[PDB]
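Only one chain is shown below, in C-alpha cells, and it's the form deposited in one PDB entry.
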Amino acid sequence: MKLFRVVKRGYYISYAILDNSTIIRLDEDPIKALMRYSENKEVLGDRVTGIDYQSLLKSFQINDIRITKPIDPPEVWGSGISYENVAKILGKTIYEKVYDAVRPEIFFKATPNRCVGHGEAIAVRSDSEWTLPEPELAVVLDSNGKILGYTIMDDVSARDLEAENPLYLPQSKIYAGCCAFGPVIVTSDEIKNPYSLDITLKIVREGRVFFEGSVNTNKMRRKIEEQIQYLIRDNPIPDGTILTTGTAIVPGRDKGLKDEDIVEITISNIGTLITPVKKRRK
C-alpha cells in the first residue's frame, strides 16, 4: 500500500493506492491506518475512481485537490553519520568519533507545522549562506518503535551554522520549512530490502541541473533498527513519529541552495519528492 494525502476545500483527505492501481479513500486517520495495516494488511475505506494519482505527482494540483504531506508526524527525529574548520576532541573530529562510537547521533528535527510535502516549498533560513538538502530514507514509527512504513525525507540543513559550532545544530535543523517528505508513505511490505535502494538528488536551477548525485542504501553502516533503539531509550515517542536515517549525498560549500531552486529527490519503490525553495527575508 502507498499512502498519500491531499487538501480539498480546507480539510484533509487520505487515499491509498494498491499495487493493482485501485485507489481507496481511508475511513481512518492515516497514522491509525498505518497501524492497522501493520497488524492485518487491511485498509478501511471505499474504492474511488476519478482520483488522478499520476497527475498529482507530476502537477501537484488537479481539480479541487492538491497533494501535501502524507501525514502530520507529531515528532520528527534524525540520525547523522550513518553512511561511510570543524570541532574535534583529542585530534579526532566529532563527526568521525560518532561514526565509530557505539552511540549514534540522534537529534530532534521537526514538528508537523515545520514540515512540508510534494509541491510545497522548503525554506532556507534568513541568516544562512550555505543551506543544503540532505536526501535521506525515513521511517514511520509507532510508539514501540515498530516500523509502519517508509518515505523520502529532505533534512534541510543550514550547514554554515553547524560548521561554526556544533551547539548551533538545533538552529541549523529546526525551523519553518526545514523538513519535507512524501510524496507517499509506503507500507513495510512494499520494501523487501531497505538496504538496497537508490537515492538520487537533483538540484534544478533555471531549467538546468545544478547538481546530481546518488547513492545506494547498501552504503549504510548504521542500521535502522539500532537508530530506533537509541531514539526510544527512556524517550517515549508518539505513534506516527518519523525517524530520518541519514544522508550520504553532500554537495560542496559552493553548492548552497538559493531562492527558486527545485530540489528533486528519488528513492526506489517510493517515488520522487519535488520541492521548490524559499529564501527567508530578515
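Residues carry their position along the shown sequence, with the first being 1.
This protein has a second form, the form solved in complex with a small molecule, left out of what is shown; the following refers to that one.
When the small molecule is considered in the deposited complex, only one residue from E75, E190, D160, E105 comes within 4.5 Å through any heavy atom, namely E105. Distance criterion of 4.5 Å from any heavy atom to the small molecule in the deposited complex singles out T247 from the list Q227, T241, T68, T247. The candidate site formed by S79, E134 and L169 is fully in contact with the small molecule in the deposited complex, as each residue has a non-hydrogen atom within 4.5 angstroms of it. Within 4.5 Å of some heavy atom of the small molecule in the deposited complex lies at least one heavy atom of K173.
Although the partner is absent here, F210 sits far enough away that none of its heavy atoms falls within 4.5 Å of the small molecule in the deposited complex. Residue contact check for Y99: none of its heavy atoms lie within 4.5 Å of the small molecule in the deposited complex. Across the options 119-127, 134-142, 197-205, 178-186, residues that bring heavy atoms within 4.5 Å of the small molecule in the deposited complex belong to 134-142.
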